[PDB]
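First comes the structure, then the notes that go with it.
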Amino acid sequence: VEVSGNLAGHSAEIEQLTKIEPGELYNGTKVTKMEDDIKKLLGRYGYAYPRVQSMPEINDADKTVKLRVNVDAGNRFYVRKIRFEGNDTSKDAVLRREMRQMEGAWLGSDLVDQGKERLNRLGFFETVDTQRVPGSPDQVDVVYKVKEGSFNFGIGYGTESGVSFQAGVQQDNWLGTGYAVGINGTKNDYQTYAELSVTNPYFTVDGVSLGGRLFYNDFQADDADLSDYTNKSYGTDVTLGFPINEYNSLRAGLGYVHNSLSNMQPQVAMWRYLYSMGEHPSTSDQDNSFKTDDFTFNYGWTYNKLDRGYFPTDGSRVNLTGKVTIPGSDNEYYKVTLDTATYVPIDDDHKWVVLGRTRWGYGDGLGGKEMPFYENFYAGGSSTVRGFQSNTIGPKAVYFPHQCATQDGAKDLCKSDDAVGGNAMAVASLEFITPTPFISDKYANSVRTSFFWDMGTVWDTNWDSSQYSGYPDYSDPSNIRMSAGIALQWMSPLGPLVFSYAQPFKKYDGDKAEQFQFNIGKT
Amino acid sequence: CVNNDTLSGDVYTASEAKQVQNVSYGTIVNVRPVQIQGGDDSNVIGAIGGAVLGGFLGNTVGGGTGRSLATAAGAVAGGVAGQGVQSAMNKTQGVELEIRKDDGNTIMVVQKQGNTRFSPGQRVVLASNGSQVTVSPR
Amino acid sequence: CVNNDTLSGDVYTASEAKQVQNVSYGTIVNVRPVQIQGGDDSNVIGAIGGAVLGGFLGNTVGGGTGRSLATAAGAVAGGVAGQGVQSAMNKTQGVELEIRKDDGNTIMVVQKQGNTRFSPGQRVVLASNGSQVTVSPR
Amino acid sequence: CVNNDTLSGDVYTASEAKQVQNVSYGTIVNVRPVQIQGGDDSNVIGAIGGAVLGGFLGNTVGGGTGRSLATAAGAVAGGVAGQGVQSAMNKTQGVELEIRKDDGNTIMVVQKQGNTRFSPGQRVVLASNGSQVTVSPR
Amino acid sequence: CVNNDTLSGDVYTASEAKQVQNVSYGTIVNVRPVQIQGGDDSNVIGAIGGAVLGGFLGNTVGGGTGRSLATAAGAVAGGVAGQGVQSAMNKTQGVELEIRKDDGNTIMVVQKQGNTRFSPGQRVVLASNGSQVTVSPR
Amino acid sequence: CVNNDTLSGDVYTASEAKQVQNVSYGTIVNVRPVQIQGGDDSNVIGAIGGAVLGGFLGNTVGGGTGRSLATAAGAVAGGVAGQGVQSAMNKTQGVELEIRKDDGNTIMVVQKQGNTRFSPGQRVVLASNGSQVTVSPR
Amino acid sequence: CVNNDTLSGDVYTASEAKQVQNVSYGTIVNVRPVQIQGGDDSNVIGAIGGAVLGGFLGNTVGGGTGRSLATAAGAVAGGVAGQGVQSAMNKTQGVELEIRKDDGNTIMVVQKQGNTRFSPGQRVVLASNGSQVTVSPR
Ligand SMILES: CC/C=C/CCCCCCC[C@@H](O)CC(=O)N[C@H]1[C@@H](OP(=O)(O)O)O[C@H](CO[C@@H]2O[C@H](CO[C@]3(C(=O)O)C[C@@H](O)[C@@H](O)[C@@H]([C@H](O)CO)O3)[C@@H](OP(=O)(O)O)[C@H](OC(=O)C[C@@H](CCC/C=C/CCCCCC)OC(=O)CCCCCCCCCCCCC)[C@H]2NC(=O)C[C@@H](C/C=C/CCCCCCCC)OC(=O)CCCCCCCCCCC)[C@@H](O)[C@@H]1OC(=O)C[C@H](O)C/C=C/CCCCCCCC
Ligand SMILES: CC/C=C/CCCCCCC[C@@H](O)CC(=O)N[C@H]1[C@@H](OP(=O)(O)O)O[C@H](CO[C@@H]2O[C@H](CO[C@]3(C(=O)O)C[C@@H](O)[C@@H](O)[C@@H]([C@H](O)CO)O3)[C@@H](OP(=O)(O)O)[C@H](OC(=O)C[C@@H](CCC/C=C/CCCCCC)OC(=O)CCCCCCCCCCCCC)[C@H]2NC(=O)C[C@@H](C/C=C/CCCCCCCC)OC(=O)CCCCCCCCCCC)[C@@H](O)[C@@H]1OC(=O)C[C@H](O)C/C=C/CCCCCCCC
Ligand SMILES: CC/C=C/CCCCCCC[C@@H](O)CC(=O)N[C@H]1[C@@H](OP(=O)(O)O)O[C@H](CO[C@@H]2O[C@H](CO[C@]3(C(=O)O)C[C@@H](O)[C@@H](O)[C@@H]([C@H](O)CO)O3)[C@@H](OP(=O)(O)O)[C@H](OC(=O)C[C@@H](CCC/C=C/CCCCCC)OC(=O)CCCCCCCCCCCCC)[C@H]2NC(=O)C[C@@H](C/C=C\CCCCCCCC)OC(=O)CCCCCCCCCCC)[C@@H](O)[C@@H]1OC(=O)C[C@H](O)C/C=C/CCCCCCCC
Ligand SMILES: CCCCCCCCCCCCCCCC(=O)OC[C@H](COP(=O)(O)O)OC(=O)CCCCCCCCCCCCCCC
Ligand SMILES: CCCCCCCCCCCCCCCC(=O)OC[C@H](COP(=O)(O)O)OC(=O)CCCCCCCCCCCCCCC
Ligand SMILES: *C(=O)CCCCCCCCCCCCCCC
Ligand SMILES: *C(=O)CCCCCCCCCCCCCCC
Ligand SMILES: *C(=O)CCCCCCCCCCCCCCC
Ligand SMILES: *C(=O)CCCCCCCCCCCCCCC
Ligand SMILES: *C(=O)CCCCCCCCCCCCCCC
Ligand SMILES: *C(=O)CCCCCCCCCCCCCCC
């Protein structure tokens, strides 16, 4: 080595911070690092500009390289003002933390080089650009510059609801203040969702996030293979949200829902519920309007670890959510939904992938009253447990003789096999992802496939078998439903695609099946 | 219960063990007592911990609508008390020490109170690192 | 039960085995006893493990809304006691060693107490690495 | 069960076979026994393997509400014992060697105990590589 | 079962067939026997293989709750025995040789035991590659 | 059955037909027979084809719960034997040839044994590419 | 069906048309027959194709569990035989040619046997591209 210049106190530490072993040949990395262990440090001596540049005498005859490290130190310059122009929403506060020299401190260009870049990960700048006090040679600034509502239309097709539309306007900057306002609208066989939504991501300067949701879920049952009941429901929820980890979050809020239960196909499973609340209309005729207004408190949690957003095969994803009313509304209940996700890659080459998503739920009515039936859990279908028709798993209802009708001589509980759902849900599925063959091996690493063994068990936690002999006890703890098969998912300029074929191997009588299902657009 | 129990001259964290730290000497002037704050300003946890406990306490009084009002007044009162007691349980007794290094200077450093009772005029050693300094006696 | 058993001179991590690391010599002055903290500042696991067991101990008393109060008060008390007890299974005894190297210097290094008792005035060998140092006696 | 078994002077990983690695020579002093901790500090795999076995063991006493308390306290005690017992099946004997290379220098290296027993004064050959060194006798 | 059968001077991988190999000459000193390991630290596949087979044996004792406990205790015991057995079918006998090249140097290389028997002093013909070396006899 | 058949001097990959191959001439020394491995070290395909055929061979015995034990023990045993038998369907004979080019050097190259039988001292016409070498006898 | 059909001198791919190819001249010696293996290492298309067809041929025997046994043994034997036949329809005859360019050199190249018959001693018009060559006879 050699030192030629004023280091202000690193003159001897060259062989300790910037050392190599003699005999090592001319390197552009392990000799430049000798330059670059004192090129960044010197902003810890208040020195603003640490300059290290070393130009050896490249000697070839008997091959020694005599390094000559001209290090001249900077000087002690300070942090007066941080100035952003053109942007009416970005703050001088968060755009200080995402840089690494606070206001009122010894300042340097080279040790603010740890700050300028991360400011762009806000997701709203196109560029993130980067002063001695104007005409005064001691105090100094750090400055930046920034360069800164699109419709969207969705049309899909499918098996669970066939046709499917989306259309809504998003504008993630309300007049220059960072509020995220977004609208959405979806229509298909059973529900039509037309929602407005707002958010302020920084309620507190430190991260608290407040969203107020105005939704409307004009739903319908018969087209969705269930039994008969119609729902036009409107409600509004508001939730807080505060970051805690960047691997976590948390939320809490107050949620008011209002439902119009009507047009019910008389049947025991819901007619237990009507009594306990206090409504007993005619037991075989369908002109009845049960109205609920539920206020309900809600909360959640989250976790993210995946490395790649698109076609992810790493990390671990989690979710929790619960809910409970105050005991001062119409129906009183609570609800607990847990979610999981895990993409385990076994080696760096990343062709073997392991995935399995566990989900749990449970609900109950508190003071002896019952969970509303439209809030139950449904299992079986394409998106959760492939092979069995959508919703088809869940202890079936029992139609009354209504107008099972008295024209044919119906005078009892006509046993039915129609899916209704349930209140305790548990779905596991272990999936074992494998390479993509049969296409050119140049690009045979894209179109994903997997073999899967999906289970699903919803039951009525309060269903009776004292009173129903000829029927089984529909609360069996191990009435599992496994299935297997295949399916191919990928990207193409016509949206998200997948095609499937899954054989239902295990099931019980009364459990329908659906071997084949597809997805284009959205499901 | 934020753990600011590492801010004494008699406790070290895990991250600064088995590492080389310089030694500088000095004498001491002007010890005086001072309190130390440690934690956050939002106190996002004490608020919830006081809020649920003050909220469930509402469900004990009244009935009908009179209950559903007390179960919110109690909730915000518990919310206030949660921060009012969490951030008053992070106070710690401590000291503020002027020292004159033998190198010729004077510096100030502040520490949590421990067992030893310093004096104005004594020899104390500065186990120095990259901008963390602990003042042990002798 | 975070494992802070690597902080002595009598245990090595697996990432410091089968490696070349230099040796310097020195003598010892001023050994004094010190406690060593470790691990997390938040104790997010002790909080959960305390909250659950504190909640399930609230279900055992009362009936109705008198129970539903206890099943939350117990939860908060268990949540606090969790952090309270977890940050008590990290207190580990240790020592603070000041040593004069033969090059002519002085440094000070802190290290978990083991079996051997260092003495005021002795010879120790400094096993050095990329800014990691362990002190072996003899 | 972590396998810190390749840290011996007697077993090589399959990534270090059929390779060219240099040979240096040296004499040896200062042999002392030291333990080796291998694996991760958090040690999460044994936490589940203790929590579940201590949770199902909680379903064996009492009934009603008194069974939930038991099968949660047993769960957290099982988790604690799990982390406590896994990190105590990685402890492995080892040696500290202070070798003088015939160049004229000194380095120390730590290495899992095998079968051969080093001595105070012996000739060893350093199978050296990019900072991985195995010390064999003779 | 890792197929660590390719570490012989008598079995080549298909990655290095029909490829050009430099040749050097040398003599040999100090043959000695050494075990060779391979694979991963964790042995995932053996873990699950142990866990499931040790779970389905758990079901076959008792009933009610005592079955539900044993089917988990057997599960974790089989899981441990997995890693305990998988890492036992990679232990392969082998040798470690240092050889004196006719250039005038010394290197040492480690190989699987084969049919050939080496001696201390023999004209072994190196095959070299991009840092892969085999030692053939005579 | 990973296609390790193109490692002879009598079969070419389609990737190197209609390309330019340099010609060198040389004489030959010390032909010796060797085996060649090819494919994977983990043998994933044999694992499935052993696992399913060991599973469905379990179902043929017992009933109740002892059925559910054999129908997994058979699966794991088949999984082991799968990797066991796949990596024995790739052991193929071969030769190792040291050859002296007219340049004045020596190299050795390894090939799959075909039908023609080399001799100790002959003439072979090297075909060279981007580090691929073949040996034809004449 | 792997398309190794563009390996003749009488067939060109759609990428090597309407592009300029340099022309050189030469004489010819040492023509000998060779087999060309063209396609993938895995044969992962006829492997499934044989697997499915070998499966459905399993349901057609036995009854009950003895059926469900055969409906898998047929699969892997059907699966394995799939590769064994697909790799038997990628074998193609071809020739090896030692051409002397009039530049004064020698190179060799192999091709799929076409309709023309090369001979030892003739004139050929080497067509060249970005390291791609064909040998038309005349
Ligand atoms: C080594 C080998 C492997 C390990 C295990 C192998 C086992 C092998 C053999 C097994 C034989 C088995 O048959 C035993 C059995 O379970 N036998 C039991 C079994 O029969 P089977 O055999 O199954 O057929 O079941 C029966 C069910 O019993 C009861 O069921 C009721 C409802 O069910 C009933 C009904 O309404 O009556 C009856 C039933 O027939 C059916 O009809 C149901 C129906 O389902 C719905 O109604 O209804 C519940 O009332 P509810 O629902 O309305 O609420 C009731 O809850 C109740 O009774 C509520 C109780 C609650 C007591 C709270 C204790 C917590 C201490 C923490 C404080 C410290 C603060 C920091 O409250 C009371 O009872 C009030 C009494 C006043 C005084 C009590 C003490 C107050 C505080 C003490 C502090 C002490 C300080 C020194 C519940 N008690 C109960 O189910 C039982 C309850 C009673 C208390 C026992 C004393 C334990 C003291 C230890 C603490 C030391 C403190 C320093 O036992 C328990 O909560 C166990 C809880 C252990 C939790 C872990 C400890 C955590 C803390 C330790 C410190 C680290 C029991 O009688 C049998 O027990 C009995 O025949 C009595 C006999 O003794 C057995 C009891 C076992 C407990 C041992 C645990 C100790 C070590 C822990 C090990 C991990
Ligand atoms: C070359 C070889 C190739 C093989 C195939 C080729 C040809 C074969 C084809 C046709 C022949 C065959 O069909 C014969 C047959 O199946 N015959 C059977 C067939 O009838 P059919 O043919 O259809 O007419 O099925 C019927 C089923 O029988 C019983 O049915 C009960 C329920 O049935 C009932 C009811 O009452 O509820 C009534 C019934 O009528 C019906 O209604 C059903 C209803 O459907 C639902 O309930 O219910 C179950 O009780 P449950 O519900 O509560 O569970 C019970 O399982 C039970 O009760 C629970 C059982 C299970 C315990 C297993 C644990 C042992 C640990 C081993 C480790 C050693 C040391 C640690 O436990 C017991 O039964 C207690 C026995 C103790 C001894 C166990 C062996 C251990 C020995 C070592 C000990 C250490 C000391 C040295 C079950 N027993 C049973 O189903 C059988 C059970 C009995 C134990 C066998 C003893 C010797 C085995 C030697 C093996 C290793 C030893 C070194 O065995 C088994 O489950 C299989 C055991 C597999 C072990 C594999 C180990 C892993 C290997 C990995 C290698 C690396 C039996 O009648 C026939 O067997 C009998 O009439 C009695 C007979 O004697 C036993 C049967 C033979 C099994 C052995 C073969 C396995 C080898 C491995 C295969 C890959
Ligand atoms: C080399 C050899 C190779 C082996 C090959 C062979 C393998 C297979 C062959 C087939 C034979 C086998 O089938 C035998 C059998 O299972 N036979 C059983 C089978 O019959 P069949 O198969 O049909 O023929 O099933 C029958 C049903 O069993 C019973 O079912 C009841 C419910 O049934 C009922 C009801 O009342 O609700 C009525 C019934 O009629 C029916 O209708 C059912 C119906 O299904 C639902 O309604 O309902 C349960 O009550 P519940 O629902 O309310 O819970 C009850 O469990 C109960 O009640 C609850 C139990 C609690 C037991 C658990 C605690 C053990 C401690 C271990 C760790 C130490 C802690 C630090 O409590 C009791 O049983 C009360 C006993 C009081 C005294 C306890 C003393 C133990 C203390 C030890 C302390 C040591 C300290 C150092 C349960 N007992 C039972 O199931 C039995 C229970 C007996 C109590 C303990 C004795 C031995 C303990 C050894 C521990 C060593 C300690 C160092 O045994 C067991 O739960 C198995 C326990 C497994 C433990 C695994 C290890 C876990 C910990 C790991 C530690 C490292 C039993 O009669 C038969 O039992 C019996 O024949 C019992 C007999 O007497 C002796 C059996 C010994 C077991 C040895 C196995 C161990 C190896 C483990 C492998 C991983
Ligand atoms: C690391 C600290 C984590 C602390 C979490 C403790 C979990 C508490 C679970 C209590 C369950 C009681 C509710 C139902 C009671 C009942 O009688 O339930 C009865 C039913 C089964 O009995 P039936 O046969 O009568 O249905 O359920 C059970 O017995 C469920 C099994 C309980 C044992 C599971 C072990 C504890 C949690 C698992 C590990 C999670 C750790 C995750 C860490 C990352
Ligand atoms: C290595 C750490 C893994 C720890 C995992 C512990 C899980 C404990 C599961 C106990 C099962 C009892 C639940 C209900 C009992 C019952 O009567 O359940 C009833 C039903 C079936 O019984 P019937 O046939 O009588 O209906 O289900 C079962 O019996 C479930 C089968 C259990 C055996 C599988 C063994 C564990 C699964 C695979 C292991 C995963 C390892 C992960 C490695 C990282
Ligand atoms: C460390 O301290 C973690 C924070 C835990 C929060 C502590 C909350 C204290 C509870 C006070 C409740 C006062 C109730 C008053 C209602 C009128
Ligand atoms: C390693 O030391 C961390 C262990 C993980 C947390 C376990 C802490 C135990 C919690 C005890 C809860 C006591 C409840 C008291 C009720 C009043
Ligand atoms: C490598 O050894 C990994 C093993 C991980 C689990 C080891 C077994 C620990 C479980 C012990 C649980 C005891 C609970 C007792 C409660 C009273
Ligand atoms: C190569 O070896 C691949 C791994 C094959 C699995 C081997 C693991 C064997 C599992 C044995 C389980 C024994 C359970 C004993 C319980 C007491
Ligand atoms: C190329 O060779 C791929 C081959 C795919 C695997 C075929 C191997 C057959 C596996 C036989 C399993 C034996 C069953 C034993 C049952 C006890
Ligand atoms: C291009 O050629 C595509 C691949 C062709 C696949 C043909 C599969 C042949 C299957 C023959 C079946 C024999 C099975 C006999 C088992 C007893």
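Residue numbers start at 1 in each chain; chains themselves are named A, B, ... in the order of the structure tokens; ligands are numbered from 1 in the order shown.
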
RMSD after least-squares fit, chain C onto chain B [all C-alpha atoms, in order]: 0.4 Å

At most 7 Å from ligand 2 (only C-alpha atoms and all ligand atoms): residue list as a list in words: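 Residues satisfying the distance criterion: residues 57 and 60 of chain E; 57, 58, 60, 61, 62, 63, 64, 65, 66, 67, 69, 70, 73, 74 and 77 of chain F.
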
Include C-alpha atoms and write out the residues we just selected as a JSON list (two decimals), in the first residue's frame.
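Writing the result to selection.json gives the following:
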```
[["chain", "number", "residue", "atom", "x", "y", "z"],
["E", 57, "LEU", "CA", -47.77, -46.67, 14.73],
["E", 60, "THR", "CA", -52.27, -48.71, 17.56],
["F", 57, "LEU", "CA", -48.78, -53.14, -2.00],
["F", 58, "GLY", "CA", -49.55, -52.36, 1.62],
["F", 60, "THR", "CA", -53.31, -56.13, 0.48],
["F", 61, "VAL", "CA", -52.72, -57.11, 4.12],
["F", 62, "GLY", "CA", -54.64, -56.63, 7.35],
["F", 63, "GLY", "CA", -57.60, -54.46, 8.20],
["F", 64, "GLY", "CA", -58.78, -51.71, 10.50],
["F", 65, "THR", "CA", -55.73, -49.86, 11.80],
["F", 66, "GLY", "CA", -53.03, -52.43, 11.10],
["F", 67, "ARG", "CA", -53.97, -51.91, 7.48],
["F", 69, "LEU", "CA", -49.79, -49.02, 9.23],
["F", 70, "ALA", "CA", -48.61, -51.37, 6.49],
["F", 73, "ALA", "CA", -44.54, -48.61, 5.82],
["F", 74, "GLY", "CA", -44.72, -50.19, 2.39],
["F", 77, "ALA", "CA", -39.88, -48.82, 1.86]]
```

How would you report the residues lying within 10 Å of ligand 8, as a short mmCIF file (atom, residue, chain, number, x, y, z; two decimals) with N, CA and C atoms, in the first residue's frame, if you count only C-alpha atoms and all ligand atoms?
```cif
data_model
loop_
_atom_site.label_atom_id
_atom_site.label_comp_id
_atom_site.auth_asym_id
_atom_site.auth_seq_id
_atom_site.Cartn_x
_atom_site.Cartn_y
_atom_site.Cartn_z
N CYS D 1 -32.60 -32.45 15.91
CA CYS D 1 -31.25 -33.01 15.84
C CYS D 1 -30.43 -32.32 14.76
N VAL D 2 -29.58 -31.39 15.18
CA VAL D 2 -28.61 -30.80 14.26
C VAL D 2 -27.36 -31.67 14.22
N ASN D 3 -26.82 -31.84 13.02
CA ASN D 3 -25.65 -32.69 12.79
C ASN D 3 -24.43 -31.79 12.69
N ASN D 43 -34.22 -21.54 17.18
CA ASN D 43 -34.47 -22.97 17.36
C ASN D 43 -35.97 -23.25 17.45
N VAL D 44 -36.63 -23.06 16.31
CA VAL D 44 -38.09 -23.11 16.28
C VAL D 44 -38.64 -24.52 16.07
N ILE D 45 -37.91 -25.41 15.41
CA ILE D 45 -38.47 -26.72 15.09
C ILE D 45 -38.82 -27.49 16.36
N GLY D 46 -37.95 -27.45 17.37
CA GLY D 46 -38.24 -28.13 18.61
C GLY D 46 -39.31 -27.47 19.44
N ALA D 47 -39.59 -26.19 19.19
CA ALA D 47 -40.67 -25.53 19.91
C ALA D 47 -42.00 -26.20 19.60
N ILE D 48 -42.26 -26.50 18.33
CA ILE D 48 -43.51 -27.17 17.98
C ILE D 48 -43.51 -28.60 18.49
N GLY D 49 -42.39 -29.31 18.32
CA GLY D 49 -42.31 -30.68 18.78
C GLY D 49 -42.39 -30.82 20.28
N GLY D 50 -42.25 -29.73 21.01
CA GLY D 50 -42.51 -29.78 22.43
C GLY D 50 -43.90 -29.30 22.75
N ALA D 51 -44.37 -28.28 22.04
CA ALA D 51 -45.68 -27.71 22.33
C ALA D 51 -46.79 -28.70 22.06
N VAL D 52 -46.73 -29.41 20.93
CA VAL D 52 -47.81 -30.34 20.63
C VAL D 52 -47.81 -31.51 21.61
N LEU D 53 -46.64 -32.08 21.89
CA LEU D 53 -46.61 -33.19 22.82
C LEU D 53 -46.97 -32.75 24.23
N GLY D 54 -46.75 -31.49 24.57
CA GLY D 54 -47.20 -31.01 25.85
C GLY D 54 -48.61 -30.52 25.87
N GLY D 55 -49.22 -30.36 24.70
CA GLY D 55 -50.60 -29.97 24.60
C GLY D 55 -51.53 -31.16 24.62
N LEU D 57 -50.81 -33.84 25.95
CA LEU D 57 -50.71 -34.29 27.33
C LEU D 57 -51.56 -33.46 28.27
N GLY D 58 -52.01 -32.29 27.84
CA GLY D 58 -52.93 -31.52 28.65
C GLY D 58 -54.36 -31.97 28.57
N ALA D 73 -51.73 -24.67 29.48
CA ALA D 73 -50.53 -24.57 30.28
C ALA D 73 -49.54 -25.66 29.90
N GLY D 74 -50.03 -26.87 29.69
CA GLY D 74 -49.15 -27.92 29.22
C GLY D 74 -48.53 -27.58 27.88
N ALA D 75 -49.26 -26.88 27.02
CA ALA D 75 -48.71 -26.52 25.71
C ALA D 75 -47.55 -25.55 25.85
N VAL D 76 -47.71 -24.50 26.65
CA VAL D 76 -46.60 -23.56 26.73
C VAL D 76 -45.42 -24.17 27.47
N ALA D 77 -45.68 -25.00 28.49
CA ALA D 77 -44.57 -25.67 29.16
C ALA D 77 -43.85 -26.63 28.22
N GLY D 78 -44.60 -27.30 27.35
CA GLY D 78 -43.96 -28.16 26.37
C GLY D 78 -43.12 -27.38 25.38
N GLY D 79 -43.61 -26.22 24.93
CA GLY D 79 -42.81 -25.41 24.03
C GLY D 79 -41.51 -24.93 24.67
N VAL D 80 -41.60 -24.44 25.90
CA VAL D 80 -40.40 -24.00 26.61
C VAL D 80 -39.42 -25.15 26.76
N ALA D 81 -39.90 -26.31 27.22
CA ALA D 81 -39.00 -27.44 27.35
C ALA D 81 -38.45 -27.89 26.01
N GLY D 82 -39.20 -27.68 24.93
CA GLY D 82 -38.73 -28.06 23.62
C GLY D 82 -37.51 -27.27 23.20
N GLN D 83 -37.64 -25.94 23.23
CA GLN D 83 -36.45 -25.14 22.92
C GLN D 83 -35.34 -25.40 23.92
N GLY D 84 -35.68 -25.69 25.17
CA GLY D 84 -34.65 -25.94 26.15
C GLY D 84 -33.88 -27.22 25.91
N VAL D 85 -34.53 -28.22 25.32
CA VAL D 85 -33.89 -29.53 25.23
C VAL D 85 -33.24 -29.71 23.87
N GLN D 86 -33.74 -29.02 22.84
CA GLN D 86 -33.09 -29.18 21.55
C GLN D 86 -31.72 -28.51 21.55
N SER D 87 -31.65 -27.28 22.02
CA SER D 87 -30.38 -26.57 22.06
C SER D 87 -29.39 -27.18 23.03
N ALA D 88 -29.74 -28.28 23.70
CA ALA D 88 -28.81 -29.01 24.53
C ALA D 88 -28.51 -30.39 23.97
N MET D 89 -28.84 -30.63 22.70
CA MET D 89 -28.36 -31.80 21.98
C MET D 89 -27.55 -31.39 20.76
N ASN D 90 -27.02 -30.18 20.77
CA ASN D 90 -26.00 -29.74 19.83
C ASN D 90 -24.64 -29.57 20.49
N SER E 42 -29.97 -30.62 7.31
CA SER E 42 -31.28 -30.83 7.91
C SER E 42 -31.89 -32.20 7.62
N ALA E 47 -36.83 -36.79 7.65
CA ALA E 47 -37.65 -36.35 8.78
C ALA E 47 -39.10 -36.73 8.59
N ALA E 73 -46.91 -38.48 20.25
CA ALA E 73 -45.59 -38.79 20.80
C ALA E 73 -44.81 -39.68 19.85
N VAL E 76 -43.51 -37.40 16.86
CA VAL E 76 -42.27 -36.64 17.01
C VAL E 76 -41.08 -37.58 17.21
N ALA E 77 -41.27 -38.72 17.89
CA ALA E 77 -40.16 -39.65 18.04
C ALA E 77 -39.71 -40.20 16.69
N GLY E 79 -40.09 -38.66 13.86
CA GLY E 79 -39.46 -37.55 13.17
C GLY E 79 -37.99 -37.41 13.54
N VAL E 80 -37.68 -37.49 14.83
CA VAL E 80 -36.28 -37.45 15.24
C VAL E 80 -35.51 -38.64 14.71
N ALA E 81 -36.09 -39.84 14.80
CA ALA E 81 -35.38 -41.02 14.31
C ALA E 81 -35.13 -40.94 12.81
N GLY E 82 -35.95 -40.19 12.09
CA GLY E 82 -35.69 -39.97 10.68
C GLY E 82 -34.31 -39.39 10.47
N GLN E 83 -34.11 -38.14 10.90
CA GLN E 83 -32.80 -37.52 10.78
C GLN E 83 -31.72 -38.38 11.43
N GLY E 84 -32.08 -39.15 12.45
CA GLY E 84 -31.09 -40.02 13.06
C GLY E 84 -30.65 -41.17 12.19
#
```

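For residue 131 (chain E), the list of residues within 10 Å, based on only C-alpha atoms and with local chain neighbours fewer than 4 positions off taken out, reads residues 18, 19, 20 and 21 of chain D.
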
Those in region 32-122 of chain G with alpha helix (DSSP H) from DSSP, as a PyMOL selection string: chain G and resi 46-56+65-86

Shell around residue 138 (chain F) at 10 Å using only C-alpha atoms, local window under 5 positions removed, as a JSON list (two decimals) with N, CA and C atoms, in the first residue's frame:
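Okay, result.json is ready:
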```
[["chain", "number", "residue", "atom", "x", "y", "z"],
["F", 118, "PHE", "N", -9.81, -50.52, -27.65],
["F", 118, "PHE", "CA", -8.53, -49.86, -27.80],
["F", 118, "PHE", "C", -7.39, -50.80, -27.44],
["F", 122, "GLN", "N", -1.10, -47.13, -29.98],
["F", 122, "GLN", "CA", -1.93, -47.09, -31.17],
["F", 122, "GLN", "C", -1.94, -45.66, -31.67],
["F", 123, "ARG", "N", -2.81, -45.36, -32.63],
["F", 123, "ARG", "CA", -2.98, -44.01, -33.14],
["F", 123, "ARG", "C", -4.45, -43.63, -33.07],
["F", 124, "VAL", "N", -4.74, -42.47, -32.49],
["F", 124, "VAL", "CA", -6.11, -42.03, -32.29],
["F", 124, "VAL", "C", -6.23, -40.59, -32.76],
["F", 125, "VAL", "N", -7.37, -40.27, -33.37],
["F", 125, "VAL", "CA", -7.55, -39.01, -34.06],
["F", 125, "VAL", "C", -8.51, -38.17, -33.24],
["G", 30, "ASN", "N", -11.53, -40.55, -44.53],
["G", 30, "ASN", "CA", -12.00, -41.17, -43.30],
["G", 30, "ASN", "C", -13.48, -40.86, -43.03]]
```
